[PDB]
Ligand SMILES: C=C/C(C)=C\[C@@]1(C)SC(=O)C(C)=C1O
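The chain that follows stands alone, in the form solved without thiolactomycin, written as structure tokens.
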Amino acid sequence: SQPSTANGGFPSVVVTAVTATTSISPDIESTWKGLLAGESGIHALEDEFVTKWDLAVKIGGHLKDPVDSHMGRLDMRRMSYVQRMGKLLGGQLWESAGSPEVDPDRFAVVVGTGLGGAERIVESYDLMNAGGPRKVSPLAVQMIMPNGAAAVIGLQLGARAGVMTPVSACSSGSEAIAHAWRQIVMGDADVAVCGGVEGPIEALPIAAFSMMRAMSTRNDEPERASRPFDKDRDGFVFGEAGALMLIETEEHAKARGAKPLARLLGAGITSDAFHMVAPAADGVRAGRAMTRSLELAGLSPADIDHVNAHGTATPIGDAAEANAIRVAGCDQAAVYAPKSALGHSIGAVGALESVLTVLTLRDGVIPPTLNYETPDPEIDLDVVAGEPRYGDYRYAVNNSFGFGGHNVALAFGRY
């Protein structure tokens, strides 16, 4: 037979530490407690660009604790925003892991981003227009390339078994975890830091996605705007995030006394090849990503107790994902849509949601999907709502189905 995690064909891989900054909290355990309490990170946008442009969208979730409140002048001048977020989270994660001394040559970093690794280019032009090519800093190259955040974390932590950056829009953070798992199971690494980072809420992303009719404009009730799978959903809401996890072989964790939080069992990556932004309505390739993760894990659909949905709250997105979940045989799973409370953070969100899936398995509880008040007949999923559902969750799939038809599914198990 082909290798699987269950049959021992792949080494056992465990999640041993997690970190995230969100619109609810800089502390992942406090984010988690808040989600369980029904808290939302989504508020009225107070930014002056809203009134300047009279934007249709006037809501979103800025980080509770801004990254740059932790950043000095040097970091502010010599790193992009996503590089600063990466440095911050990388250091926080390493400290949560008990600052372990690992073999640099068996240590990988894989960190996705979505849009915002395209920040520092304009400023370079400006320097050049005023004073010419010699007024462009010799530091420009290290700030402008889209792999900058992963590069910073790899250099910070000393990762010499590969430093990688996948870009697949919304699924970038999940895809990063996927590739880190592959790096380990193929024998290239024993430990990896992986996840995703993304820039802050800004005017142009709001305008670009608003003009696709992708975004909620329920401005009078910000905390009620994001309604994944609900009959009355009207698009997504931006909520800032960055998230990283530490994964390693079970043997590597045991050798250093690390307590695993969960198992990372398999990962499926597929594509729709359907449309440049819209998901395929039939959910067939998305569902196949789910199935692929199960194959690699050595699980059957009936094993899947829980799906952490991509669940953006767009009309067409949630409908496609319901079809996907059915195609994969997982439509009896308990479903959570964290974007209901945390909003959408393109390249970071899949990583954040992967962290949340780990916590669900660890604690045996799924927070309520906020705003889920009227089930949609065309969805027909068991969506957790009202208050947290405590349950015997043994296995879970985290879905991330990004703009462009990039489908990533990650299979996790309780440790």
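Residue numbers here begin at 1 and follow the sequence given.
Separately, the form deposited with thiolactomycin bound exists; it is not shown, and the next lines address it.
With the partner left out here, thiolactomycin still marks one of 220 to 228, 248 to 256, 179 to 187, 311 to 319 in the bound PDB entry; by a 4.5 Å heavy atom cut-off that stretch is 311 to 319. The contact with thiolactomycin in the bound PDB entry, taken as any heavy atom within 4.5 Å, belongs to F236 out of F107, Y81, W94, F236.
Checked against thiolactomycin in the bound PDB entry, the candidates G266, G90, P279, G343 yield a single residue with a heavy atom inside 4.5 Å, and that residue is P279. Taking the partner from elsewhere, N407 is found to have a heavy atom lying within 4.5 Å of thiolactomycin in the bound PDB entry. In the bound PDB entry, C170 approaches thiolactomycin with a heavy atom inside 4.5 Å. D331 falls outside the set of residues with a heavy atom inside 4.5 Å of thiolactomycin in the bound PDB entry. Residue contact check for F10: none of its heavy atoms lie within 4.5 Å of thiolactomycin in the bound PDB entry. Contacts of stretch 241 to 274 with thiolactomycin in the bound PDB entry, defined by any heavy atom lying within 4.5 Å, are made by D272 alone.
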